[PDB]
K.L.:
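Mind having a look at this structure? Questions to follow.
For the numbers below, each heavy atom of this structure counts, side chains included, while hydrogens, waters and symmetry mates do not. Heads up: numbering here begins at 1 and tracks the sequence. Order of listing sets the numbers, starting from 1, for every ligand and every atom in it.
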Amino acid sequence: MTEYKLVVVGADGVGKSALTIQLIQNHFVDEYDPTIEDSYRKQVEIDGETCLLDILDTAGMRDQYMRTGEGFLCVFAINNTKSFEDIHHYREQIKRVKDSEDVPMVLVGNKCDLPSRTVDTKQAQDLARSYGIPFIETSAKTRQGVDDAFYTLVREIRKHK
Ligand SMILES: Nc1nc2c(ncn2[C@@H]2O[C@H](COP(=O)(O)OP(=O)(O)O)[C@@H](O)[C@H]2O)c(=O)[nH]1
Ligand SMILES: [Mg+2]
């Protein structure tokens, strides 16, 4: 069984904890302590491979998962322009950690269940294209794109190493 070290990053309130918990416990938490940072393990089969996902949910230890973490989930909320503006910082932070523009990464638009997006799907694709990374729209309330995001990241790690 292979271990995949997965780091979820992004501005506070985007649903980092919600996306993590939905994957692990299969339920939507409406209020998880914004300061709680932890790793959460789950056995998953992705493409006939049994995987141990080691998922650091950054909140603000980190150094290890940033340094030794294999794939990064870059999450903004579609109803939160600032969190999408902040995405540059996190991409930069990762590049700087691993001294490379070739780090497995997925850009994540979360809260796609909410109406009246301020961040267009095209804006987000435009960014991801510019990074050479996938873009996935997710909802931790609906489970929309939730496996897709984590699994695409795993496949990125595999397509990298
Ligand atoms: N409707 C909806 N609310 C969400 C979603 N993801 C997170 N939330 C809510 O957004 C708030 C902040 O989420 P949280 O996971 O604590 O954010 P974090 O700071 O990124 O870890 C909470 O009230 C969550 O229930 C989502 O996909 N849909
Ligand atoms: Mg959190």
K.L.:
Donor-acceptor pair, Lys98 side chain versus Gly69 backbone, under 3.5 Å?
P.N.:
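Checked: pair present.
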K.L.:
With no hydrogens and no angle check, is any side-chain donor or acceptor of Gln123 less than 3.5 Å from a backbone partner on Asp120?
P.N.:
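Side chain of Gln123 to backbone of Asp120: a pair is present.
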K.L.:
One pair to check against side-chain contact (heavy atoms from CB on, under 4.5 Å): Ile133 and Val106. What are the steps and the verdict?
P.N.:
CA-CA 6 Å; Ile133 72 163; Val106 181; 5.8 Å; no
K.L.:
With a cut-off of under 6.0 Å to the ring centre and 45° to the axis, is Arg129 in cation-pi contact with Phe135?
P.N.:
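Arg129 over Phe135 ring: no.
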K.L.:
Under 3.5 Å, N or O to N or O, is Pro34 touching ligand 1 that way?
P.N.:
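No, no N or O pair falls under 3.5 Å.
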K.L.:
Heavy-atom pairs closer than 4.0 Å: do any link ligand 1 to the side chain of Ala18, the backbone, both, or neither?
P.N.:
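Both backbone and side chain.
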K.L.:
Regarding atom 2 (C) of ligand 1: of the candidates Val146, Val9, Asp113, which has the closest heavy atom?
P.N.:
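When every heavy atom of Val146, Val9, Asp113 is considered, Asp113 comes closest to atom 2 (C) of ligand 1.
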K.L.:
Show me which atoms of ligand 1 lie under 4.0 Å from any heavy atom of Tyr32.
P.N.:
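Taking each heavy atom of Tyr32 in turn, ligand 1 has 16 (O) under 4.0 Å.
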K.L.:
With heavy atoms of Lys141 as the reference, note each atom of ligand 1 found under 4.0 Å away.
P.N.:
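Near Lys141, meaning under 4.0 Å from one of its heavy atoms, ligand 1 has 1 (N), 26 (C), 27 (O), 28 (N).
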K.L.:
Is the backbone N or O of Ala11 less than 3.5 Å from a side-chain atom of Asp86, with the two atoms forming a donor-acceptor pair by type?
P.N.:
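No.
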K.L.:
Any N/O of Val14 closer than 3.5 Å to an N/O of ligand 1?
P.N.:
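Between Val14 and ligand 1, an N or O pair is found under 3.5 Å apart.
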K.L.:
Considering only heavy atoms of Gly15, which atoms of ligand 1 have at least one such atom less than 4.0 Å away?
P.N.:
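Once the distances to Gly15 are compared, the set is 6 (N), 7 (C), 13 (O), 14 (P), 15 (O), 17 (O), 18 (P), 20 (O).
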K.L.:
Quick one: does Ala59 get a heavy atom under 4.0 Å from ligand 1?
P.N.:
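It does not; every heavy atom stays at 4.0 Å or beyond.
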K.L.:
Hey, is there an N, O or S on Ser17 sitting under 2.8 Å from the Mg ion (ligand 2)?
P.N.:
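True for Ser17.
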K.L.:
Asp30 versus ligand 1: do any nitrogen or oxygen atoms come within less than 3.5 Å of each other?
P.N.:
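Min N/O separation from ligand 1 is below 3.5 Å for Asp30.
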K.L.:
Give a yes or no on this: more than 12 heavy atoms of other residues, nucleotides or ligands lie within 6.0 Å of atom CD of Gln25.
P.N.:
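Enclosed.
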K.L.:
So which bit of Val29 gets within less than 4.0 Å of ligand 1, heavy atoms only: side chain, backbone, both or neither?
P.N.:
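Backbone only.
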K.L.:
Tell me whether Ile24 is reachable from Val75 by hopping between hydrophobic residues (I, L, V, M, F, W, Y) whose side-chain heavy atoms are closer than 4.5 Å.
P.N.:
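Linked, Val75 and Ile24 end up in one cluster.
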K.L.:
Does any non-hydrogen side-chain atom of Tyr65 lie less than 4.5 Å from one of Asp54?
P.N.:
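Yes, close enough: below the 4.5 Å cut-off.
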